[PDB]
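build the 3D model from these lines:
(2 chains)
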Amino acid sequence: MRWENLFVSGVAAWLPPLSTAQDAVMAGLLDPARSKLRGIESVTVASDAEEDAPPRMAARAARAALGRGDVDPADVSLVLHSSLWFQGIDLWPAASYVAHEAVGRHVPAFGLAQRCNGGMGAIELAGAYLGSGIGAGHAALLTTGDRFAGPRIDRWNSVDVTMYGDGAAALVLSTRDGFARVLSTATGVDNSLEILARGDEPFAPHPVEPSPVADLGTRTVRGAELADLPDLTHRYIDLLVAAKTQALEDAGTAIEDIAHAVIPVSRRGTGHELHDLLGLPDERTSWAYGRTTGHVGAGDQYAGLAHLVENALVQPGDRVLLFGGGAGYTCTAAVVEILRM
Amino acid sequence: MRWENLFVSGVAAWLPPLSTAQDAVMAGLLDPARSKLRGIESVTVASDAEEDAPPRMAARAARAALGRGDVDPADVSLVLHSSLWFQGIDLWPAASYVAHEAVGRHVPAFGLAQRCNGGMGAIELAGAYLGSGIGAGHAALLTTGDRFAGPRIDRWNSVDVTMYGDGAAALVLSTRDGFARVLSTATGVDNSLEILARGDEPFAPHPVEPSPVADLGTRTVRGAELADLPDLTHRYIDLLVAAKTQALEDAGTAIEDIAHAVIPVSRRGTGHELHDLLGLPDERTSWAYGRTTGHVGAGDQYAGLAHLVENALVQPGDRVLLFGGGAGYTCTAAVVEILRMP
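Numbers count the residues shown, from 1 in each chain, chains lettered A, B, ... in the order given. Structure data below:
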């Protein structure tokens, strides 16, 4: 999709302190060979205090993002809150809390689930919503937030390809103006890969209690065996190249003109990495930053863009590729042009 | 919102067999007075077999809905799957399973949370998406699905205003054609009421284990206490009347021109009920149906419309109000006009 009137008016991350892979190895929580393979140096870790529940971190990130774009909360017509896991209280609309605290009483709020891709996918849904004439306002607030905890989640081991960081991020879209223009979005998808995210786990009538420790690495392996596809890996490559190519082509931008690409935090550590598939070197990606935060739920792309802007790592005229991807498997990409700093 | 080119192409429910309120009373699971007050005659109860997990029930409803509307799955550009509770496997994309099983590999799928309003809120989001030019196809598949279980959920008692039914529903939107035209949608909202849905429950770092039995009625009371609002009654009235009023006006329709309103399944049993606020007698609402199914997660409005159409309770030229409402608090309403029977 080529966007003629869609802007990022603000972006922010609210992140707790860093905790190092080194300290996890020293404490016996993380196998040292795994630490070395994956290349992740540290991950953000929140306290267990109520003030650090995901919706409250999200509400703070939202305020920061709305403050920086000087958007009147009266002009926000939609709130989307994406996440991966528990929000602190069950049977309860977390998204309405985020909206109430950051914007106000009279804005429609949805929780969104598209696993790791939720932040990027929300951009398409919100952009469509803003252009449709449903709401009178010109902005949408997009938030993410998660805080991982035992017994269910071991941040260092529950996923093979990454390590989980706690925290929240926010991105405010506008059809009026902003410091960046969204030039394009495009989604690649292959829903056959959903099997890799459940493995041989049976459908249970009730959450399993007490919670065993999650092991998504082992789901992927069992998932691959049950699916018995001859071309598993290609299905991934195809959907990722589709998202990349359409996002670039609809933005009228060649890959050599991308100043920086913000990607999901993950690492194989052996052969080809995502950056090889994207056709650009490691140092033009957000890996150097991401390997300090870990995988911050659905918010890697918002947090990474926040990092670039806050540190003047981009200037006006630069084009930035935001690259999603999450279990499903779904990947939304976007090209953003910096207009003002 | 007034819609120029939005249609309902198909609608369906997949519902497990009925379990009566009277049987629950006799098993000691439901108090006789509460049964009488609430007036729910029965609710749908699924088995605990893997085949009745919510995403599978949702897949069956989606396929029925798509088949009843002659929509090719290749023309669906978006799947939204709304729910209130556990889908059977954690840390996993349920919405992608629904999409794969009913529609295919190459359609973006999202899980959607807007408590009891998810099904109606999904119509606005999908409608916007379909008109935007983002996806190639002309149709969107909307699903709901839940299956409630102990210890956490006691379907008969965990919500005061209703009793939960298991099952799934589906609705297919199209920019091209269908059996009904969506004339309008409108949302009323008041996010200050989110506190009523959490009460004084502390934010916990991990789900509380073992799960105690949920008591949302007590949460409402604890939340009302903390919030200390001067005008709670008026907050409900203002947002519900706003949704009703805007949907009717954008559709160019008066309440007396509404043949039927499909409403959330809930009941006070004393005083004024939602139908009084809508200005409709009981008989012009979905209550006669909803009191046999109970509150089927986010799917009451889809399920109620399917029942209307499957049983020839409306005919071409009739207008129907689909009326939402859920904890948040958010209520999305739509006026649809029947163009032909499917």
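
tell me which element residue A:171 is part of?
strand A:167-174 (DSSP states H and E).

so which elements touch that strand?
Helices and strands touching strand A:167-174, as assessed by 3 or more C-beta pairs under 8 Å, 6 or more residues apart in numbering or on different chains; DSSP states H and E, comprise strand A:7-14, helix A:54-68, helix A:118-131, strand A:139-146, helix A:300-310. Where C-beta positions appear, they are placed from N, C-alpha and C, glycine not excepted.

the fourth one pairs with which strands?
For strand A:139-146, sheet partners with direction are given as strand A:76-82 (parallel), strand A:167-174 (antiparallel), following DSSP bridges.

now do the buried residues in the strand or helix carrying residue A:234.
Per DSSP H and E, residue A:234 falls inside helix A:232-251. Within helix A:232-251, the residues scored as buried using 16 or more other C-beta atoms under 10 Å in any protein chain shown are A:232, A:235-236, A:239-240, A:242-244, A:246-248, A:250-251.

how deep is the nearest residue to residue A:36 once chain neighbours are set aside tucked in, by neighbour count?
Once flanking residues are discounted, residue A:36 sits nearest to residue A:269: 8.0 Å by C-beta to C-beta, 6 or more residues apart in numbering or on different chains. The number of residues packed near residue A:269 is 12, by other C-beta atoms under 10 Å in any protein chain shown.

how far away is residue A:269 from residue B:130?
Distance, residue A:269 to residue B:130, by C-beta to C-beta, to the nearest Å: 42 Å.

quick one on the thing from earlier: these two touch, right, the residue nearest to residue A:36 and residue A:38?
Yes: Residue A:269 lies in contact with residue A:38 (C-beta atoms under 8 Å); the separation is 5.6 Å.

got the domain ranges for chain A?
For chain A, curated CATH domains gives the domain ranges A:1-179, A:180-338.

okay, how far is it across the last one, tip to tip?
The separation between the terminal residues of domain A:180-338, taken as C-alpha to C-alpha, to the nearest Å, is 4 Å.

how far out from the middle of the chain is that domain?
Taking C-alpha atoms, centre = their mean, to the nearest Å, one finds the center of domain A:180-338 at 8 Å from the center of the full chain.

out of the helices and strands packed on strand A:167-174, deepest packed?
strand A:139-146 (a mean of 30; mean count of other C-beta atoms under 10 Å in any protein chain shown).

may I have that strand as CSV, with CA atoms only?
Output in CSV follows, covering the C-alpha atoms of strand A:139-146 (Å, rounded to 0.1, in the frame of the first residue of the first chain):
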residue,chain,number,x,y,z
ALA,A,139,-4.8,10.6,15.0
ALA,A,140,-4.5,7.1,16.3
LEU,A,141,-2.6,5.9,19.3
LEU,A,142,-0.8,2.5,18.8
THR,A,143,0.7,0.9,21.9
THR,A,144,2.5,-2.3,22.9
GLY,A,145,3.3,-3.8,26.3
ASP,A,146,4.5,-6.9,28.1
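
give me the distance from it to the chain's centre.
Using C-alpha atoms, centre = their mean, the offset of strand A:139-146 from its chain centre is 11 Å.

now stretch A:71-79
With C-alpha atoms, centre = their mean, you get 22 Å for stretch A:71-79.

which residues sit against that stretch?
A:9-10, A:66, A:95, A:98-99, A:102-104, A:107-110, A:126, A:129-130, A:134-143, A:172, A:174 (C-beta atoms under 8 Å, 6 or more residues apart in numbering or on different chains).

give me the residue from the stretch 201-341 of chain A nearest chain B.
residue A:203 (3.6 Å; C-beta to the nearest C-beta).

what strand or helix carries that residue?
Per DSSP H and E, there is no helix or strand for residue A:203.

can you report how many residues lie near it?
The burial count for residue A:203: 19, using other C-beta under 10 Å.

quick one: residues contacting it.
B:50, B:53, B:55-56, B:88-89.

chain B contacts on the stretch 151-300 of chain A?
With C-beta under 8 Å from any C-beta of the partner chain as the criterion, the stretch 151-300 of chain A meets chain B at residues A:151-152, A:185, A:187, A:189-194, A:197-198, A:201-207, A:209-211, A:214, A:216.

again, only this time at 6 Å
Within the stretch 151-300 of chain A, the positions lying close to chain B (C-beta under 6 Å from any C-beta of the partner chain) are A:187, A:189-192, A:194, A:197-198, A:201-207, A:209-210, A:214.
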